[PDB]
Every structure is written in C-alpha cells, then in structure tokens.
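Listed in order, the protein sequences are those of chains E, D, C, B and A. Mapping to PDB author numbering: the first sequence position 58 is 57, numbers consecutive. Mapping to PDB author numbering: the second sequence position 18 is 16, numbers consecutive. Mapping to PDB author numbering: the third sequence position 32 is 31, numbers consecutive. Mapping to PDB author numbering: the fourth sequence position 62 is 60, numbers consecutive. Mapping to PDB author numbering: the fifth sequence position 47 is 44, numbers consecutive. The beta carbon of each residue, even a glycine, is placed where N, CA and C say it ideally should be.
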Amino acid sequence: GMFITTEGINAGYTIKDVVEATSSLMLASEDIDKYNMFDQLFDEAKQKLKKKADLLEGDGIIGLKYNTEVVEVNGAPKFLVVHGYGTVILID
Amino acid sequence: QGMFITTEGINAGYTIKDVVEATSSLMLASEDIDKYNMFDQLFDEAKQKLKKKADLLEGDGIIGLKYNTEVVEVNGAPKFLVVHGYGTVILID
Amino acid sequence: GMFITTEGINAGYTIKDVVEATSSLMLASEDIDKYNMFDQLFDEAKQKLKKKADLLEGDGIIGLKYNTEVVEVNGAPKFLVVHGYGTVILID
Amino acid sequence: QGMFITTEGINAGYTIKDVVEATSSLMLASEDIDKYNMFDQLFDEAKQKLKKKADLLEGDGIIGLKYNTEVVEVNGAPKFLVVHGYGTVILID
Amino acid sequence: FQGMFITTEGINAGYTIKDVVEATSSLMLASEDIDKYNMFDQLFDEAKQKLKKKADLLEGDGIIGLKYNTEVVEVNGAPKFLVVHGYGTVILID
C-alpha cells in the first residue's frame, strides 16, 4: 500500500534514490498481434519498483516513466519489454 | 465520458488513486504501410481505455499523461501500429 | 499566433483536452542518411496540433512531447515518422 | 551561446518564444557496430543546434529539453545513430 | 566525493544550472541470452554512475530531470546489444 505517480507532488520530501525495473515476456508465433499483453508487464514493472522503494524505506515513487520495446527475432515480434523508472521519496 | 486529462500536473489539491496504463494496436494492410495517420485512432482508443480505468478507480481525472509508440515490422514490412498510454489517476481535494 | 511549450505554465488555466498529431514522409533510396528531414515533420506536427487547439477554442498547448520512429522496409530506412502530443488549455 | 539549457522548467518569470528541435546523426563503420559511446557527440551536436536556434529567436535559454534516440539498421546491421533534441526557448521576465 | 543526489523530476528549492549532461552504456548479448532483458539493470546503474561523475566534474550538488532512453539493437535478426542513454540537468543549490 505505497503511492506511485507520473508527476511530482507539492509537499515536503527528501529523495532516497532513483530506481528502475525491467519486465518482459516471450510471444508465441500465433500471438504476434497481442499487444494487450503489455498490460501485465506494466503491472509487473510497478510491483518491482514498489518493492525497491520499500527496501529503500520510502513512502512512494514520484516521476514514473515507462520505456517500451517490441523486440523482433527473424522478422517477427518475439519479446515485449517494459522498463519502468522513478524517484523514491520520503515525506517531510 | 466527461472526465479531464492532461500531460502535465495541476496546481490544485488532490490525492493519488493509482497510475494506469492502456495499450491499443492495429494491423496494417500491405498497401497501407505508408498510413501513419492511422495512429490517430489508436491515441483515441488509448485515452478511452485510460479514462474507463480512471472511472473504475473513482477519480476525477488523469494527470501526467504520456504515450509510447511503436511501428512493429513483420518480414521487412510495417505490420502493426502500437500506442501505449499511461498516467496518474487523481481525486480533487 | 498561438503559444506552445514543452513544460507547464505558472498561471491560471482550465484544460480543454489532450491532442495528438502524426506526420510522416517516405525516403528515397539515396536519402537513407538524411535524418535532417525530420525537421519538416516536427514543424508539420506542430501545425496539426495548433489547428486542433484552435478547433477546441484554447489559447495554446502545454506539455508538448514528441515520439519519433525510423521505419525500415526490406532492410533500409523508408519512413520517418513524428508523433506530437500535448494539453490544450484556456487561460484564467 | 553562453546560454542556459535545462531538462525541467524554471521557477522564475518568463515569456515563451517557441519550441525548437534539432536532429543529428552519424554513420557507423562495420567494425564500429558496438560503439554506442559515439552517441556522446550527437547529443552535443544536437544541443549546439538547439542553442543556435534559441539565439536566432533572441531567447535567454531553453527549458524542457528532451532527447529521442534511434539506432537505425541497414541489411541487419546497425548503420546510423540518430539523436533528436527539442525544448522550449524562453526569455526571462 | 561519492554521495550525490539524483531525481527524475525537479526540486522546489533555490538552485543555479551548471549544464545538461548525458551518458550512454551498452552491452553485447550472447546468442543464448536474447531473452535476458533483466540485464538492462546493470546498464541503468552504469549510466547513473557516468552521469554522477560528470556532475561532480562540473562541481554540482546533484542531477535533476533524469530521463532514460533504451534500445534493443538487432544484428542479423537477433537481439545483440542492449543500450541505455541517461540524461539530466546538473544543478548547484543556493
């Protein structure tokens, strides 16, 4: 139960660290149109980032951004990759 | 669907419900490999998906919207156009 | 004569909508090194975005970002693609 | 071109001249397909182009800088490294 | 020098801007490791250390406005290089 946001917050905080997480999956040959499968990778990336924020003893993560790639092998999409990153903060 | 969305933050009091994401895509016909205006549809669809998620979380709108885009190639031709939209769902006060 | 910016503005406004535009061109075989040809696509993307801002009855666009792709056909760059997007606002 | 540039905004009074963009690129030799440190010079070139455009618009500097990057492949090898830089040219007060 | 702050967003505090800085880091995948996108973790760390060292050479206190670009570079129809670019604005407080 730890907060996450794309932008900053108007409140007093100190900065613990910037954290990053990558998650990925492999597509079946028949599923090369299934870009909806990115949904689970964003949620996995967030949970990895939140766990890292909790290990740093922060209250949450500001400044979240995502990078995405669709990686091709032998002229077909084969991997979907999300990178998430943000700044872990502690309020006051 | 009457719910606000913005690329940046807002100077107002809010609480943060959650960050939400949506992906939309389409498959190009062989003759339409030059039709990058077809991304318009996908940005619209991504926003609708995001707004629906904001409404299920019982927020007033979405701040901090960004889009990632890909043109995915199959056997040396563009075949899919993909938009990912994401942002922070907030509740005012 | 309508303003556009990458960041927000410290002033009172209401939000009309987020708008997006895509611009693209096809490279000749001999022009696969000509990445300066993105310049005109950025300008076209802005003009499309401004047009949309004016249709929504806003004063300008905050939060502008651009995505870019170089799309390959048969192992050569063939299309240059810009996506522009931002938030249309009305001052006060 | 002793002229300021930043990724974020500034807490100060300004007016907005325009948004500006610059692209810079280079071609890799076959033996240099692992040399991604060669992006270094392209970022610098992109900044120089953006600053020169800011100076033509008679601004004091550039806020909101972002970069897009691509590694463009020809016949299944990286051949071009491409940087796009863009930002908002401002004038203080 | 070692312990220097870095953040994705700005800070609500008084500062002057030294310069914008950039770093790139990369690695080459083995054929058997074309699924190993976890290996980006290293590259983000390396990119940050390069950026911090540039901030320290400019005599700043830290880096605001950090962003990362990423690419997965293919050679002969397989992923061969993972590339991170990091960039941000080096500042000095007061």
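DSSP on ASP16 of chain A, reduced to helix/strand/coil? strand
Going by the CB atoms, is the gap between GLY74 of chain D and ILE3 of chain D shorter than 8 Å? no
For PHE2 of chain B, which of helix, strand or coil comes out of DSSP? strand
Name, please, each residue of chain E whose Cβ falls closer than 9 Å to the Cβ of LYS64 of chain A. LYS64, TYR84
Quick one: does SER23 of chain B have its CB under 8 Å from some CB of chain C? yes
Hey, is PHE78 of chain D's beta-carbon within less than 8 Å of any beta-carbon in chain E? yes
Which residues in chain A have a C-beta closer than 9 Å to the C-beta of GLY11 of chain B? List them in chain order. Within chain A, no residue comes near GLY11 of chain B; the closest Cβ sits about 15 Å away, beyond 9 Å.
Alpha-carbon spacing of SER22 of chain E relative to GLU19 of chain C, whole angstroms: 28 Å
Using only CA atoms, which one of B:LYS64, B:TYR34, B:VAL69 lies nearest to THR5 of chain C? B:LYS64
Does chain A have any CB closer than 8 Å to the CB of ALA75 of chain B? yes
At 8 Å on the CB atoms, spell out the chain E contacts of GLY7 of chain A, in chain order. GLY7
Would you say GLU71 of chain B faces chain A, with C-beta separation under 8 Å as the test? yes
Neighbourhood of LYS77 of chain A by C-beta, 7 Å cutoff - its chain only, sequence neighbours within 5 removed: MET25, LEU26, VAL70, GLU71
Give me the DSSP bridge partner(s) of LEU24 of chain C. C:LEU79
Using DSSP's beta-bridge definition, name the partner residues of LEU55 of chain D. Beta-bridge pairing links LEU55 of chain D to no other residue.
Checking contacts by CB at 8 Å: is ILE61 of chain A closer than that to chain B? yes
Tell me whether the stretch 35 to 45 of chain C and the stretch 32 to 45 of chain D touch, counting them as touching only if at least three CB pairs, one residue from each stretch, are closer than 8 Å. no
How big is the Cα-Cα spacing for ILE61 of chain D and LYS50 of chain B? 33 Å
Near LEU55 of chain C, which residues of its chain fall below 8 Å by C-beta distance, leaving aside the five closest residues on each side in sequence? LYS15, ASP16, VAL18, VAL87
Taking 8 Å as the CB-CB cut-off, is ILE3 of chain B touching chain C? no
For the candidate residues E:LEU79, E:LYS45, E:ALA10, E:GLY11, whose alpha-carbon lies nearest to that of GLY85 of chain E? E:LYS45
Between C:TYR12, C:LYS47, C:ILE8, which lies nearest to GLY11 of chain B when the distance is taken from Cα to Cα? C:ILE8
Excluding sequence positions up to five away, which residues of its chain have a Cβ less than 6 Å from the Cβ of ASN66 of chain E? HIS82
So, helix, strand or coil for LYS64 of chain B, using DSSP? strand
By Cβ distance, which residues of its chain are closer than 7 Å to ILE31 of chain A, with the 5 residues on each side in sequence left out? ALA75, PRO76
Please list, in chain order, all residues of the same chain as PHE(-2) of chain A whose beta carbon is under 8 Å from its beta carbon, the five residues on each side excluded. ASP53
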